[PDB]
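Undergrad: This is the structure I want to talk about, given as structure tokens.
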Amino acid sequence: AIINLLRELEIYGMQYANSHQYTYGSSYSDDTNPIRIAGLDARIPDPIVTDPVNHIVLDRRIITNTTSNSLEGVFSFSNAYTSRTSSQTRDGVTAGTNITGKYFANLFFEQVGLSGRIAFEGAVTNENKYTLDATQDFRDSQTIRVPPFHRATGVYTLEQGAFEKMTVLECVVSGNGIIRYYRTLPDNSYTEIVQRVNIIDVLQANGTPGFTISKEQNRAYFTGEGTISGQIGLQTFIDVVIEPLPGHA
């Protein structure tokens with residue numbers, strides 16, 4: 001689920017109130033040093049992808065030599081392939097505002113022995129699905145000698161990897177909250193107690209799961225979890241089949 005920092009602030013204030021014989025009035029983020037989420041990070045503990053790859057035919061062209069003389073041919077390919085990656089938070093945190101982060105990972109595709117750097121987007125602030133379409137511009141060429149009365153068929157292939165991985169989501173949580181309390185007095189009167197609290201003290205007091213606190217650095221480190229899945233072009237191949245035209249060898 002998503003830890004709601006404002007909710008934690010409210011919980012802290014309600015317990016503090018009962019504890020100090022006050023009446024909890026309200027609480028909110030401090031505008032001059034707001035409760036915030038920073039240093040968004042998403043890593044993949046198991047970067048070794050074992051999924052099979054698919055061989056996609058991006059293009060196929062033909063150079064035919066109907067002459068009695070050999071000739072040089074060149075296949076120049078350019079294909080912009082779009083691969084998608086999707087992420088989704090399972091255990092996250094939020095200060096009340098959704099934040100979309102950009103992430104990367106150098107995955108290794110064991111079945112072909114090739115690394116591929118993927119890119120993805122996601123929000124540690126909610127459990128919605130986030131997709132990112134990345135366009136790879138594959139450009140390759142191949143020179144070939146086409147014998148007399150032969151045809152050369154050049155096929156441009158893309159090796160596309162696929163993956164599904166768990167992610168460890170991280171970020172720094174810091175800032176201040178404001179809590180309003182009051183003591184009811186005689187003859188319809190009262191005295192209000194305004195307290196500015198450090199979010200790290202709230203999390204520590206609440207025992208909020210997923211955080212390690214650092215008074216030293218005046219911050220709390222959050223560790224959550226999610227998942228990502230997608231595909232990516234790993235490498236390309238140009239294969240040329242040369243063959244004689246009917247009535248030749």
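Each chain of the structure tokens is named A, B, ... in the order shown, its residues numbered from 1; ligands are numbered from 1 in display order.
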Give one line per residue of range 109-132 of chain A that approaches range 162-167 of chain A to at most 12 Å, naming the two atoms of the closest pair and their distance in Å to one decimal, counting only C-alpha atoms; sort by chain then ascending residue number and deliver it as CSV.

TA:
```
residue,atom,partner,partner_atom,distance
A:109,CA,A:162,CA,8.7
A:110,CA,A:163,CA,11.3
A:111,CA,A:162,CA,11.0
A:112,CA,A:162,CA,11.9
A:116,CA,A:162,CA,10.4
A:117,CA,A:163,CA,12.0
A:118,CA,A:163,CA,10.1
A:120,CA,A:167,CA,11.5
A:122,CA,A:167,CA,10.8
A:124,CA,A:167,CA,11.0
```

Undergrad: Please, could you write that set of residues out with N, CA and C atoms as a PDB file, in the first residue's frame?

TA:
```pdb
ATOM      1  N   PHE A 109      20.658  -9.918 -20.625  1.00  0.00           N
ATOM      2  CA  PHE A 109      19.763 -10.904 -21.193  1.00  0.00           C
ATOM      3  C   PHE A 109      20.544 -12.187 -21.433  1.00  0.00           C
ATOM      4  N   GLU A 110      20.554 -12.997 -20.385  1.00  0.00           N
ATOM      5  CA  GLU A 110      21.270 -14.260 -20.343  1.00  0.00           C
ATOM      6  C   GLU A 110      21.118 -15.186 -21.545  1.00  0.00           C
ATOM      7  N   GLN A 111      19.927 -15.245 -22.132  1.00  0.00           N
ATOM      8  CA  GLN A 111      19.709 -16.123 -23.276  1.00  0.00           C
ATOM      9  C   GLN A 111      20.459 -15.730 -24.537  1.00  0.00           C
ATOM     10  N   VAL A 112      20.909 -14.482 -24.621  1.00  0.00           N
ATOM     11  CA  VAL A 112      21.657 -14.058 -25.791  1.00  0.00           C
ATOM     12  C   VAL A 112      23.011 -13.475 -25.400  1.00  0.00           C
ATOM     13  N   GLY A 116      21.340  -4.835 -21.951  1.00  0.00           N
ATOM     14  CA  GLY A 116      20.433  -3.859 -22.527  1.00  0.00           C
ATOM     15  C   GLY A 116      20.050  -2.865 -21.428  1.00  0.00           C
ATOM     16  N   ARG A 117      20.213  -1.573 -21.681  1.00  0.00           N
ATOM     17  CA  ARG A 117      19.858  -0.573 -20.671  1.00  0.00           C
ATOM     18  C   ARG A 117      18.410  -0.168 -20.913  1.00  0.00           C
ATOM     19  N   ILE A 118      17.536  -0.416 -19.946  1.00  0.00           N
ATOM     20  CA  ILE A 118      16.138  -0.045 -20.111  1.00  0.00           C
ATOM     21  C   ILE A 118      15.870   1.268 -19.386  1.00  0.00           C
ATOM     22  N   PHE A 120      12.441   3.502 -17.683  1.00  0.00           N
ATOM     23  CA  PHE A 120      11.046   3.414 -17.289  1.00  0.00           C
ATOM     24  C   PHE A 120      10.639   4.564 -16.381  1.00  0.00           C
ATOM     25  N   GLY A 122       7.707   5.840 -13.256  1.00  0.00           N
ATOM     26  CA  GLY A 122       6.840   5.308 -12.228  1.00  0.00           C
ATOM     27  C   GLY A 122       6.657   6.304 -11.100  1.00  0.00           C
ATOM     28  N   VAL A 124       6.119   6.480  -6.887  1.00  0.00           N
ATOM     29  CA  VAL A 124       6.147   5.740  -5.631  1.00  0.00           C
ATOM     30  C   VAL A 124       4.946   6.192  -4.805  1.00  0.00           C
TER      31      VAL A 124
END
```

Undergrad: Which residues, written as number ranges by chain, have at least one atom at most 12 Å from residue 204 in chain A, with only C-alpha atoms counted and residues fewer than 3 positions away on the same chain left out?

TA: A: 8-9, 12, 197-201, 207-215, 219-221

Undergrad: Might you pull out every residue within 7 Å of range 66-71 of chain A, with only C-alpha atoms counted and same-chain residues fewer than 5 positions away left off, and present them as a list in words?

TA: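 Selected residues are residues 145, 146, 147, 148, 149 and 150 of chain A.
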
Undergrad: What does the file look like for those residues with N, CA and C atoms, as a short mmCIF file (atom, residue, chain, number, x, y, z; two decimals), in the first residue's frame?

TA:
```
data_model
loop_
_atom_site.label_atom_id
_atom_site.label_comp_id
_atom_site.auth_asym_id
_atom_site.auth_seq_id
_atom_site.Cartn_x
_atom_site.Cartn_y
_atom_site.Cartn_z
N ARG A 145 28.29 -8.80 -52.68
CA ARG A 145 28.67 -8.94 -54.06
C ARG A 145 27.64 -9.84 -54.69
N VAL A 146 26.89 -9.30 -55.64
CA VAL A 146 25.85 -10.09 -56.28
C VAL A 146 26.35 -10.64 -57.60
N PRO A 147 26.54 -11.97 -57.66
CA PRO A 147 27.02 -12.66 -58.85
C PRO A 147 26.07 -12.51 -60.02
N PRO A 148 26.58 -12.64 -61.25
CA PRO A 148 25.75 -12.52 -62.45
C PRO A 148 24.51 -13.40 -62.36
N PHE A 149 23.38 -12.89 -62.83
CA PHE A 149 22.13 -13.64 -62.83
C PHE A 149 21.75 -14.23 -61.46
N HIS A 150 21.95 -13.44 -60.42
CA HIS A 150 21.62 -13.81 -59.04
C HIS A 150 20.82 -12.68 -58.39
#
```

Undergrad: Residue 131 in chain A: which residues within 9 Å, counting only C-alpha atoms, same-chain residues fewer than 2 positions away excluded, as an NGL selection string?

TA: :A and (84-87 or 120-122 or 129 or 133)

Undergrad: Between CA of residue 99 in chain A and CA of residue 6 in chain A, what is the distance, to one decimal in Å?

TA: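 Atom-to-atom, CA of residue 99 in chain A to CA of residue 6 in chain A, that is 15.7 Å.
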
Undergrad: Between A:188, A:206, A:128, A:115, which one has atoms that come closest to residue 92 in chain A, using only C-alpha atoms?

TA: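 Between A:188, A:206, A:128, A:115, the residue approaching residue 92 in chain A most closely is A:128.
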
Undergrad: Would you mind listing what lies within 12 Å of range 37-39 of chain A as a PDB file with C-alpha atoms, in the first residue's frame, with only C-alpha atoms counted and same-chain residues fewer than 6 positions away left out?

TA:
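Now in part_25.pdb:
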```pdb
ATOM      1  CA  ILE A   3       2.029   5.310   3.303  1.00  0.00           C
ATOM      2  CA  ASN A   4       0.215   8.645   3.491  1.00  0.00           C
ATOM      3  CA  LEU A   5       2.538  11.062   5.290  1.00  0.00           C
ATOM      4  CA  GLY A  92       5.068   3.295  -1.610  1.00  0.00           C
ATOM      5  CA  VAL A  93       4.724   6.635   0.132  1.00  0.00           C
ATOM      6  CA  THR A  94       3.232  10.069  -0.582  1.00  0.00           C
ATOM      7  CA  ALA A  95       3.024  13.570   0.858  1.00  0.00           C
ATOM      8  CA  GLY A  96      -0.246  14.151  -0.963  1.00  0.00           C
ATOM      9  CA  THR A  97       1.139  14.892  -4.437  1.00  0.00           C
ATOM     10  CA  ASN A  98       1.848  12.394  -7.198  1.00  0.00           C
ATOM     11  CA  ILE A  99       5.419  12.401  -8.470  1.00  0.00           C
ATOM     12  CA  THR A 100       6.514  10.662 -11.646  1.00  0.00           C
ATOM     13  CA  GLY A 101      10.147   9.570 -11.657  1.00  0.00           C
ATOM     14  CA  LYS A 102      12.406   8.541 -14.557  1.00  0.00           C
ATOM     15  CA  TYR A 103      14.564   5.436 -13.975  1.00  0.00           C
ATOM     16  CA  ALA A 123       5.364   6.929  -9.143  1.00  0.00           C
ATOM     17  CA  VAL A 124       6.147   5.740  -5.631  1.00  0.00           C
ATOM     18  CA  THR A 125       3.105   7.805  -4.632  1.00  0.00           C
ATOM     19  CA  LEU A 169      11.832   1.754  -4.506  1.00  0.00           C
ATOM     20  CA  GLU A 170      13.746   4.331  -2.495  1.00  0.00           C
ATOM     21  CA  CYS A 171      13.545   8.014  -1.599  1.00  0.00           C
ATOM     22  CA  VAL A 172      14.340  10.506   1.142  1.00  0.00           C
ATOM     23  CA  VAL A 173      11.526  11.877   3.292  1.00  0.00           C
ATOM     24  CA  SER A 174      11.970  15.108   5.240  1.00  0.00           C
ATOM     25  CA  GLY A 175      10.375  18.444   6.092  1.00  0.00           C
ATOM     26  CA  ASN A 176       8.013  19.777   8.748  1.00  0.00           C
ATOM     27  CA  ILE A 199       8.414  14.450   9.891  1.00  0.00           C
ATOM     28  CA  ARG A 219      15.853  12.719   7.240  1.00  0.00           C
ATOM     29  CA  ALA A 220      14.100   9.395   6.924  1.00  0.00           C
ATOM     30  CA  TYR A 221      15.021   6.873   4.247  1.00  0.00           C
ATOM     31  CA  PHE A 222      12.068   5.044   2.722  1.00  0.00           C
ATOM     32  CA  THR A 223      12.355   1.597   1.176  1.00  0.00           C
TER      33      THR A 223
END
```

Undergrad: What does the distance between CA of residue 232 in chain A and CA of residue 91 in chain A come to in Å, to one decimal place?

TA: 26.1 Å

Undergrad: As a ChimeraX atom specification, please: the residues near residue 160 in chain A (cut-off 12 Å, only C-alpha atoms, same-chain neighbours under 5 positions excluded).

TA: /A:51-58,81-84,109,111-112,114-116,136,230-237

Undergrad: Give me a file of those residues, with C-alpha atoms, as a CSV table (one decimal), in the first residue's frame.

TA:
```csv
chain,number,residue,atom,x,y,z
A,51,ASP,CA,13.3,-14.6,-20.6
A,52,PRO,CA,13.6,-15.7,-24.3
A,53,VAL,CA,14.1,-13.1,-27.0
A,54,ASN,CA,12.0,-12.7,-30.2
A,55,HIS,CA,13.5,-12.2,-33.6
A,56,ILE,CA,11.6,-9.5,-35.4
A,57,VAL,CA,11.9,-8.9,-39.1
A,58,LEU,CA,12.1,-5.1,-39.4
A,81,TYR,CA,11.2,0.6,-33.3
A,82,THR,CA,9.1,1.4,-30.3
A,83,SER,CA,9.4,-0.8,-27.2
A,84,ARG,CA,7.3,-0.3,-24.1
A,109,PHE,CA,19.8,-10.9,-21.2
A,111,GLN,CA,19.7,-16.1,-23.3
A,112,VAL,CA,21.7,-14.1,-25.8
A,114,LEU,CA,23.9,-9.2,-24.2
A,115,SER,CA,23.2,-6.3,-21.9
A,116,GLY,CA,20.4,-3.9,-22.5
A,136,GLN,CA,15.1,3.1,-30.7
A,230,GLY,CA,8.6,-4.5,-20.9
A,231,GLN,CA,10.6,-5.1,-24.0
A,232,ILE,CA,13.7,-3.6,-25.6
A,233,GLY,CA,15.6,-4.0,-28.8
A,234,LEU,CA,19.0,-5.7,-28.0
A,235,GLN,CA,20.8,-5.9,-31.3
A,236,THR,CA,20.2,-6.2,-35.0
A,237,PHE,CA,21.2,-8.6,-37.8
```

Undergrad: Mind pulling up the distance from CA of residue 31 in chain A to CA of residue 182 in chain A?

TA: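 CA of residue 31 in chain A lies at a distance of 21.4 Å from CA of residue 182 in chain A.
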
Undergrad: Return the single residue from A:23, A:43, A:189, A:242 that is closest to residue 73 in chain A, with distances computed using only C-alpha atoms.

TA: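 Nearest candidate to residue 73 in chain A out of A:23, A:43, A:189, A:242: A:242.
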
Undergrad: Calculated over only C-alpha atoms, which of the candidates A:11, A:152, A:132, A:178 has the smallest distance to residue 28 in chain A?

TA: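 Comparing A:11, A:152, A:132, A:178 against residue 28 in chain A, the winner is A:178.
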
Undergrad: I need the residue nearest residue 180 in chain A from this list: A:106, A:89, A:79, A:195. Use only C-alpha atoms for the distance.

TA: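 Closest residue, counting only C-alpha atoms: A:195.
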
Undergrad: As a list in words, please: the residues near residue 192 in chain A (cut-off 12 Å, only C-alpha atoms, same-chain neighbours under 5 positions excluded).

TA: residues 17, 22, 23, 24, 25, 26, 179, 180, 181, 182, 183, 184 and 185 of chain A

Undergrad: When DSSP is applied to the backbone of this structure, which of range 56-97 of chain A are assigned strand (DSSP E)? Write them out as an MDAnalysis selection string.

TA: chainID A and resid 56:65 71:94

Undergrad: Convert the current residue selection to file output with N, CA and C atoms, as a CSV table (one decimal), in the first residue's frame.

TA:
```
chain,number,residue,atom,x,y,z
A,56,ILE,N,12.5,-10.3,-34.6
A,56,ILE,CA,11.6,-9.5,-35.4
A,56,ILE,C,12.2,-9.0,-36.7
A,57,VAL,N,11.5,-9.4,-37.8
A,57,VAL,CA,11.9,-8.9,-39.1
A,57,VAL,C,11.5,-7.5,-39.3
A,58,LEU,N,12.4,-6.6,-39.2
A,58,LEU,CA,12.1,-5.1,-39.4
A,58,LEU,C,12.0,-4.7,-40.8
A,59,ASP,N,12.7,-5.4,-41.7
A,59,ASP,CA,12.6,-5.0,-43.1
A,59,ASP,C,13.2,-6.2,-44.0
A,60,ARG,N,12.9,-6.1,-45.3
A,60,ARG,CA,13.5,-7.1,-46.2
A,60,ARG,C,13.5,-6.4,-47.6
A,61,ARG,N,14.7,-6.4,-48.2
A,61,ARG,CA,14.8,-5.7,-49.5
A,61,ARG,C,15.6,-6.6,-50.5
A,62,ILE,N,15.4,-6.3,-51.7
A,62,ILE,CA,16.0,-7.2,-52.8
A,62,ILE,C,16.8,-6.4,-53.8
A,63,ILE,N,18.0,-6.9,-54.1
A,63,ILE,CA,18.9,-6.3,-55.1
A,63,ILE,C,19.1,-7.4,-56.1
A,64,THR,N,18.5,-7.3,-57.3
A,64,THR,CA,18.6,-8.3,-58.4
A,64,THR,C,19.6,-7.9,-59.5
A,65,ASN,N,20.5,-8.8,-59.8
A,65,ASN,CA,21.5,-8.6,-60.8
A,65,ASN,C,21.1,-9.4,-62.1
A,71,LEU,N,28.2,-7.4,-59.5
A,71,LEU,CA,28.1,-6.0,-59.1
A,71,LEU,C,28.0,-5.9,-57.5
A,72,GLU,N,28.4,-4.8,-57.0
A,72,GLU,CA,28.4,-4.6,-55.6
A,72,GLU,C,27.1,-4.0,-55.2
A,73,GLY,N,26.5,-4.5,-54.1
A,73,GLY,CA,25.2,-4.0,-53.7
A,73,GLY,C,25.3,-3.6,-52.2
A,74,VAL,N,24.5,-2.7,-51.8
A,74,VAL,CA,24.5,-2.2,-50.4
A,74,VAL,C,23.1,-2.0,-49.9
A,75,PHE,N,22.8,-2.6,-48.8
A,75,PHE,CA,21.5,-2.5,-48.2
A,75,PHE,C,21.7,-1.5,-47.0
A,76,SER,N,21.0,-0.4,-47.1
A,76,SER,CA,21.0,0.6,-46.0
A,76,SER,C,19.7,0.6,-45.3
A,77,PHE,N,19.7,0.2,-44.1
A,77,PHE,CA,18.4,0.1,-43.3
A,77,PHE,C,18.4,1.1,-42.2
A,78,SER,N,17.1,1.6,-41.9
A,78,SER,CA,16.9,2.6,-40.9
A,78,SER,C,15.4,2.3,-40.4
A,79,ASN,N,15.3,1.8,-39.2
A,79,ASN,CA,14.0,1.5,-38.7
A,79,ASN,C,13.8,2.0,-37.2
A,80,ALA,N,12.8,2.8,-37.0
A,80,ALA,CA,12.6,3.3,-35.6
A,80,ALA,C,11.6,2.4,-34.9
A,81,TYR,N,12.1,1.5,-34.1
A,81,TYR,CA,11.2,0.6,-33.3
A,81,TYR,C,10.9,1.1,-31.9
A,82,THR,N,9.6,0.9,-31.6
A,82,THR,CA,9.1,1.4,-30.3
A,82,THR,C,8.9,0.2,-29.3
A,83,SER,N,9.5,0.2,-28.2
A,83,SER,CA,9.4,-0.8,-27.2
A,83,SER,C,8.8,-0.2,-25.9
A,84,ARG,N,7.9,-0.9,-25.2
A,84,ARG,CA,7.3,-0.3,-24.1
A,84,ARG,C,7.7,-1.0,-22.8
A,85,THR,N,7.7,-0.2,-21.7
A,85,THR,CA,8.0,-0.7,-20.4
A,85,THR,C,6.9,-0.2,-19.4
A,86,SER,N,6.5,-1.0,-18.5
A,86,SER,CA,5.5,-0.5,-17.6
A,86,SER,C,5.9,-0.8,-16.1
A,87,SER,N,5.6,0.1,-15.2
A,87,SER,CA,5.9,-0.1,-13.8
A,87,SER,C,4.7,0.1,-12.9
A,88,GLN,N,4.8,-0.4,-11.7
A,88,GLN,CA,3.6,-0.3,-10.8
A,88,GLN,C,4.1,-0.5,-9.3
A,89,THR,N,3.8,0.5,-8.5
A,89,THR,CA,4.2,0.5,-7.1
A,89,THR,C,3.3,-0.4,-6.3
A,90,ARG,N,3.9,-1.2,-5.4
A,90,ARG,CA,3.2,-2.1,-4.5
A,90,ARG,C,3.2,-1.4,-3.1
A,91,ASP,N,4.4,-1.1,-2.6
A,91,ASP,CA,4.6,-0.4,-1.3
A,91,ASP,C,5.3,0.9,-1.6
A,92,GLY,N,4.5,2.0,-1.4
A,92,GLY,CA,5.1,3.3,-1.6
A,92,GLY,C,4.8,4.3,-0.5
A,93,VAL,N,5.0,5.6,-0.8
A,93,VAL,CA,4.7,6.6,0.1
A,93,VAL,C,4.3,7.9,-0.6
A,94,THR,N,3.6,8.8,0.0
A,94,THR,CA,3.2,10.1,-0.6
A,94,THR,C,3.0,11.2,0.4
```

Undergrad: Where in range 119-238 of chain A does DSSP assign helix (DSSP H, G or I), given as a PyMOL selection string?

TA: chain A and resi 199-206

Undergrad: For residue 35 in chain A, which residue out of A:177, A:226, A:196, A:7 is the nearest one, using only C-alpha atoms?

TA: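 The answer is A:177, which sits nearest to residue 35 in chain A.
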